Amino acid sequence: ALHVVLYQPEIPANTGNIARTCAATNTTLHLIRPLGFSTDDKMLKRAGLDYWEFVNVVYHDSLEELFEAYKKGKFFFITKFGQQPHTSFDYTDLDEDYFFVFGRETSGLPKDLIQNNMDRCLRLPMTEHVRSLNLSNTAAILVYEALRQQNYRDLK
Amino acid sequence: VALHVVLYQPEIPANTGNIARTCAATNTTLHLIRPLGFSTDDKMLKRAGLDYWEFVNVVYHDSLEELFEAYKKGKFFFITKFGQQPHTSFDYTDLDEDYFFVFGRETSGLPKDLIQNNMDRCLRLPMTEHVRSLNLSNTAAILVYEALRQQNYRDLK
RNA sequence: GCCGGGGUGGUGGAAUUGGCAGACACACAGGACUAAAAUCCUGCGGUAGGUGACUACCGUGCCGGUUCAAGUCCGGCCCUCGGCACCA
Ligand SMILES: Nc1ncnc2c1ncn2[C@@H]1O[C@H](C[C@@H](N)CC[C@H](N)C(=O)O)[C@@H](O)[C@H]1O
């Protein structure tokens, strides 16, 4: 019911951790195929430990292919640019598929896409001591915020 | 009046580095219960590229009891998979109290007897069933931002 | 000065009465593992033929000798440590 999209990830271990977090929440992981690693990177495998068999991982050769395939979806885009924190939105409809899309670790999301949908742009309130926050951590804050709103349904 | 993340004998280096990242992005004081499984020497801190350590405000403690007796009136929430309550069932809004979030060991976990005595404040992030545990990094960050959700991201841009 | 130890890979270092030199540990390297500076598995003296299987070759401070065979025994020398002597 929940989805995590990774636009061309770079760090294998970051993605592997997110896969484990997905298996702990029964979340679908989406990957935009211009990846910075291979499918056989051993750091990818390690970060996912043994939980890989419980992750439904979907590959998409482009951001477009994903959007069209999941035409009925609440696509939430997570960048520094959004003027609204992630907790100011609503994820409480359980009859829906919620999509959280994460940019490249050293780039962002496509600047065209951010322009068109700034109402769905979630910025995690930080300080100035760091420029960003680890993707695998940032992915988890949103899954367990949305899971709070859905009252961790079926999850004990 | 801020949040406090204390890590009981952390071992895997990368987890603690990512926790310090979140701690610097939230101005959350990081308490470190020794023995640690790594080295926080400035040489090794810079070998891992941890340039935010200066802003993390790390308070090394040598025992869990030392930490309890230095911050006696801290609200100590112990975070383990053996809790029965979520992390969102408690109130971290009081800006007059010091809230402390205790995390465990990546290969072992929090002291079992400490969990038994204080099951009232034992928080379990709801997982599936086939997943034994979450990442220490992820578990810490989730808790920091849930308290900041309740604290409306005080002085956070 | 005498006597007695030590010298051996990248490192500390092992090798019994002469009979496969480098055990073992650290380093390193490749992996595995219930995000490793944890742990576990594997490789590791050199050379060249080598895809490799591996092979032969060389290698214990220098130079000798005894041996079928010398890290090992013998003689000279270099370096080093210790006891003893040596000190107007
Ligand atoms: N589901 C979870 N709920 C709460 N804390 C967790 C969870 N998974 C991991 N943690 C944190 O990470 C620590 C270590 C675990 N990752 C490892 C398994 C260990 N047996 C345990 O006590 O959970 C825990 O002691 C917590 O600090």
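Residues numbered from 1 in each chain as written, not as in the entry; some residues may be left out. Chains lettered and ligands numbered in written order. Heavy atoms only, no water.

Judging from the entry metadata, X-ray crystallography is the method by which this structure was determined, and 3.18 Å is the reported resolution.

## Here's the deal with the pairing of strand β3 (residues 57-60) of chain A
All names here are of chain A. For the record, the criterion: For each residue, the accessible area found with a 1.4 Å probe, counting protein chains only, is set against the maximum for its type, and the residue is called buried under 20%, exposed over 50%, and partly exposed in between. For helices the rule is a DSSP run of H or I covering at least 4 residues; for strands it is a run of E covering at least 2, with both sets numbered from the N terminus onward. For two strands to pair, DSSP has to find at least two bridges joining them. Whether a crossover is right-handed depends on one test, that the path from the first strand over the helix to the second runs clockwise when the strands point away from the viewer.
Covered by surrounding structure in β3 are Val58 and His60 only, the residues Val57 and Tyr59 on the alternate face being uncovered. Inspection of the sheet shows strand β2 (residues 27-32) paired to β3 by four bridges, in the parallel sense. Bridge assignment links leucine 31 to a residue of β3, and that residue is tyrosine 59. The β-α-β motif built from β2, the intervening helix α2 (residues 42-47) and the parallel element β3 has right-handed crossover chirality.

## Brief notes about helix α6 (residues 136-150) of chain B
The α-helix winds at 3.6 residues per turn, so residues separated by three or four positions along the chain end up facing the same way. Residue and element names in this part refer to chain B. We count it as follows: In this scheme, a helix's expected span is set at 1.5 Å multiplied by one less than its residue total.
Between its first and last C-alpha atoms α6 spans 22 Å; for 15 residues at 1.5 Å apiece the expected length is 21 Å, and the two agree. Counting buried positions over the 15 residues of α6 gives 14, a clear majority of the element. Downstream of α6 by one or two residues, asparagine 152 has phi in the positive range, about 55 degrees.

## Comments concerning the nonpolar core
The tendency in soluble globular proteins is for nonpolar side chains to be buried as a group. Condition: What we call a nonpolar core is a set of buried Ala, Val, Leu, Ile, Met, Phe, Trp, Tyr and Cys residues that are connected through their side-chain atoms within 4.5 Å. Contact criterion: two residues are considered in contact whenever any of their non-hydrogen atoms come within 4.5 Å of each other.
Core analysis: the biggest nonpolar cluster contains 77 residues, and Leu29, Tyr91 and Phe100 of chain A together with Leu30 and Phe103 of chain B have the highest contact counts within it. In contact with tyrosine 91 of chain A, not counting residues within four places along its chain, are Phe76, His86, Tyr98, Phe100, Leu122, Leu142, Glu145, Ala146, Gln149 and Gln150 of chain A.

## Considering the sheet that holds strand β5 (residues 99-103) of chain B
All names here are of chain B. Note the threshold: Note on definitions: angles span 0 to 180 degrees between N-to-C directions of axes, and those axes are lines fitted to C-alpha atoms, for helices only across the stretch in contact.
Across the sheet, which stays open at both edges, the six strands sit in the order β3-β2-β1-β5-β4-β6 with parallel pairing between neighbours. Each end of this open sheet is capped by a strand with a single partner; those strands are β3 (58-61) and β6 (122-123). Running over the sheet, α6 touches β1 (3-8), β4 (75-79), β5 and β6 and is turned about 165 degrees from β5.

## As for a negative patch on the surface
Residues and elements named next belong to chain B. Put simply, the rule is: Distance thresholds for patches are 9 Å for like charges and 5 Å for nonpolar side chains (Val, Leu, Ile, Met, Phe, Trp, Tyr), applied to residues having over 30% relative accessible area and no salt bridge. Per-residue and other accessible areas follow the Shrake-Rupley method at a 1.4 Å probe size, with only the shown protein chains counted as cover for residues. By salt bridge we mean one thing: a side-chain nitrogen of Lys or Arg within 4 Å of a carboxyl oxygen of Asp or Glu. Residues counted as positive are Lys and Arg, residues counted as negative are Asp and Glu, and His and the chain ends are not counted. Charge positions come from single atoms, namely NZ of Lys, CZ of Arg, CG of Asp or CD of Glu.
Where like charges cluster on the molecular surface, the negative patch consists of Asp41, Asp42, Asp51 and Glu54. You can see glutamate 54 is positioned in helix α3 (residues 53-56). You can call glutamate 54 exposed: its relative accessible area is 67%.

## Some details on helix α1 (residues 12-23) of chain A
An ideal rise of 1.5 Å per residue puts 16 Å on twelve residues; α1 of chain A measures up with 17 Å between its terminal C-alpha atoms. Among the twelve residues that make up α1 of chain A, eleven are buried, leaving the element largely enclosed by the rest of the structure. Where α1 of chain A is concerned, the buried positions are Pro12, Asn14, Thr15, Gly16, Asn17, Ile18, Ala19, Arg20, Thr21, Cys22 and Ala23 of chain A. Against the buried residues of α1 of chain A lie β1 (2-7), β2, α2 and α5 (135-149) of chain A together with α6 of chain B.

## Regarding the interface of chain B and chain A
As a reminder of what qualifies: Two parts lose some accessible area (1.4 Å probe) when they are put together, and adding that loss for both gives the buried area. Nitrogen and oxygen atoms within 3.5 Å of one another constitute a polar contact, given that in protein one can donate a hydrogen and the other can accept it, and given that sequence-neighbouring residues count only through two side-chain atoms.
Facing 34 residues of chain B, the contacting portion of chain A comprises 35 residues. Carbon and sulfur atoms make up 56% of the area that chain B and chain A hide from each other, which totals about 3,200 Å². The three residues of chain B that bury the most area against chain A are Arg21, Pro126 and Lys157 of chain B, which together make up 20% of that side's buried surface. The tally of links from chain B across to chain A stands at two salt bridges. The salt bridge partner of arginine 148 of chain A is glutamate 146 of chain B, with a shortest N-O separation of 3.8 Å. If you look at where chain B meets chain A, you find 21 residue pairs in polar contact. Elements represented by at least two residues in the side of chain B that touches chain A include exactly α1 (13-26) and α6 of chain B.

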